[PDB]
């Protein structure tokens, strides 16, 4: 059984994240979608809300498990018996930062392999931050989010 972990803040999970986790499930037997509590980033949604939204949005994928965590990434990957860490590519700044995290994780857990996937062109210019900024100014973001997430975001801002 090959196990992969797809970590992030997912505040909230977008169609870009759904695209990446879907591609990961086609490659690995079991995928853990791991949501960091991230209190320092002051998230819009609590960890419990982010886990519930991601569980609903990924329910149609049989080999995805959604979990919350506050541990060091490398420790949580070891403790989930995962040997693959999935990241999505986007911008240069993200890529250069992903290279720093991958080299750090290699020092913390040498057998944990960083794997980068490319999202569909459709979602290659979106992020949780951009969707929230548009929604805060009442712009239509229905195209970018799963249905349950779009309702939760509208309710949170209401």
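What we label the rigid core is the largest C-alpha set whose atoms superpose within 1.5 Å from one form to the other. Positions refer to the first chain, counted from 1.
Superposing the other copies on the rigid core and comparing 70-78 to 84-92, farther C-alpha placement in 9 other deposited structures of this protein marks 84-92. Taking 54-62 and 98-106 in turn, the stretch whose Cα atoms are more displaced from the shown form in 9 other deposited structures of this protein following rigid core superposition is 98-106. Between 26-34 and 57-65, the higher mean Cα B-factor belongs to 57-65. In this crystal structure, the stretch out of 87-95 and 126-134 whose C-alpha atoms carry the higher mean B factor is 87-95. Per-chain ranking of the deposited C-alpha B factor places residue 158 in the highest third.
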